[PDB]
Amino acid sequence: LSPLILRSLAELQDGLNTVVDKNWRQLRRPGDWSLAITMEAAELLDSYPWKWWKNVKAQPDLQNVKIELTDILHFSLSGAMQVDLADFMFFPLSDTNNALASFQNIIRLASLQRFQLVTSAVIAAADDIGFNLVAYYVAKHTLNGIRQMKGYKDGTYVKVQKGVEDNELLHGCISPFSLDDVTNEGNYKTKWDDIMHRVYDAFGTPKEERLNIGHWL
């Protein structure tokens, strides 16, 4: 990913973290981000049929893998703001052995606070798998804000409260967007705005509580 796009992602990330807490930088510490990456990596690992004692014919939940890698990126962008890849990542990740090893290595890197390296690993993973990480990031960033608006912090929102996990709606919201659309330096901000409005529409956010791309960048 280009330096411009990475910067814009990090700026979105700062903004989201601020919605969660003003003064997040004084409230948080690098070990919080390591723990967060660890827990998402566990969710990612749990998308594979790694259990030899349970549901042994299960297939990998490749749709969920996309969400979990996107969540890791939120937290590694965060950790980096408060602070070789071939030694850790093994391709192709469609091979379950490669995934389990590569994604357990994300936990070791998170524990060492190697956040920029985690970010590169996520980007490398999305490129190998062949999904649009940028588009997923913007979609899930928008959902993270909607969660905070609906009282996630206070316990008045839970992610499966309309009977379907909120994350699952994100695939449809990003379906029209190519890699080039969301990374083209002269037009990306409009595509990021389109993604935001598709997610707001998916969750019926009132027009008045919506934020445009210009609010974040």
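From 1 onward, residues are counted along the sequence shown.
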In a third or more of the other entries compared, is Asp87 missing its coordinates? no
Length class of the unmodelled deposited segment, which would lie between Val83 and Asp84: 10 or more
Averaging CA B factors per stretch from the PDB record, which one is higher: 55-63 or 26-34? 55-63
Per the PDB entry, mean CA B-factor is higher for 196-204 or 15-23, namely for 196-204
For the listed residues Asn167, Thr70, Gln148, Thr190, which one has the largest C-alpha B-factor as given in the deposited model? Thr190
For the C-alpha B-factor as written in the entry, point me to the maximum among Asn98, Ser78, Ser111, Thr142. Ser111
Could you place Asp87 in the lowest, middle or highest third of its chain by Cα temperature factor, using the values in the record? highest
Where does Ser94 sit by CA temperature factor within its chain: lowest, middle or highest third? highest
Would you check the entry's CA temperature factor for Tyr157 and let me know if it's in the chain's lowest, middle or highest third? highest
Entry-reported C-alpha B-factor of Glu185 relative to its chain, by third, is highest
Would you mind checking where the Cα B-factor of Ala42 ranks among the modelled residues of its chain, as the lowest, middle or highest third? lowest
